[PDB]
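Here Cβ is always computed from backbone atoms with ideal geometry, including for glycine, and neighbour counts include all displayed protein chains. Derivation of every value follows stated rules applied to the coordinates shown; laboratory data play no part.
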Amino acid sequence: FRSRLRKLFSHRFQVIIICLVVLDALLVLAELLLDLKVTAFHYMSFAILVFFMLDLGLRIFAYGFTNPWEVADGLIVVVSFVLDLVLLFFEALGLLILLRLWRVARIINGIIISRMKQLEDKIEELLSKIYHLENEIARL
């Protein structure tokens, strides 16, 4: 049993996770740039990266006929960034990078399909309404 996650979530936290996407973006890029050039800034980069991993994990895991494909999406995300953690063990940074870059056209998608659903809901609140008006015409 857990309710706060489903009570208060009814946003700003998403904005937070976006600014933090760009933050880890910038984290690894600044990392590899200083890798193109000194030593402990790199250490810092690794650290705040770990930060990013952990937080997205904790704040996306917290959620609790259509269940399976959702479950698939989520677990794909998961395994994505678990191999990302593995990659924290070179030009494989590339790999690593684009993996953050996956999140992007994962989240936007998990953002658009939202609207879709949401938008589709409004569509319902048009059809019936249309139907309703017909009833109110004949009538006469």
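Take residue 128 and decide whether it is within 30 Å of residue 6 (Cβ to Cβ), among the hydroxyl-bearing types (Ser, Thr, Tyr), under 21 Å from the mean Cα position of the chain (by Cα) and in a helix (DSSP H, G or I). Before you say what the answer is, go through the steps one by one.
Details: within 30 Å of residue 6 (Cβ to Cβ): yes; among the hydroxyl-bearing types (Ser, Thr, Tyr): yes; under 21 Å from the mean Cα position of the chain (by Cα): no; in a helix (DSSP H, G or I): yes.
When the stated conditions are applied, residue 128 does not pass them.
Could you list, in sequence order, all residues of the stretch 7-36 that are assigned to a loop (DSSP other than H, G, I, E, B) and hydrophobic (A, V, I, L, M, F, W, C)? Lay out the reasoning, then the answer.
Pass one, the stretch 7-36, residues assigned to a loop (DSSP other than H, G, I, E, B): 8-11.
The answer is 8, 9.
Six or more apart or on different chains, Cβ atoms under 9 Å: show the pairs whose first residue is in the stretch 58-85 and polar (S, T, N, Q) and whose second is surrounded by 13 or more Cβ atoms within 10 Å (Cβ to Cβ) and assigned to a helix (DSSP H, G or I). Cβ pairs passing all conditions: 80/99; 80/102; 80/103; 80/106.
Of the residues 52, 65, the single one that is of a type in the set (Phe, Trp, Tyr), out of contact with any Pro (no Cβ under 7 Å at 6 or more places or on another chain), part of a helix (DSSP H, G or I) and closer than 28 Å to residue 5 by Cβ is 52. Can you find, within the stretch 51-66, the residue that is farthest from the chain's Cα centre (by Cα) among those that are closer than 20 Å to residue 107 by Cβ and exposed (fewer than 13 other Cβ atoms within 10 Å of the Cβ)? Here the residue is 66.
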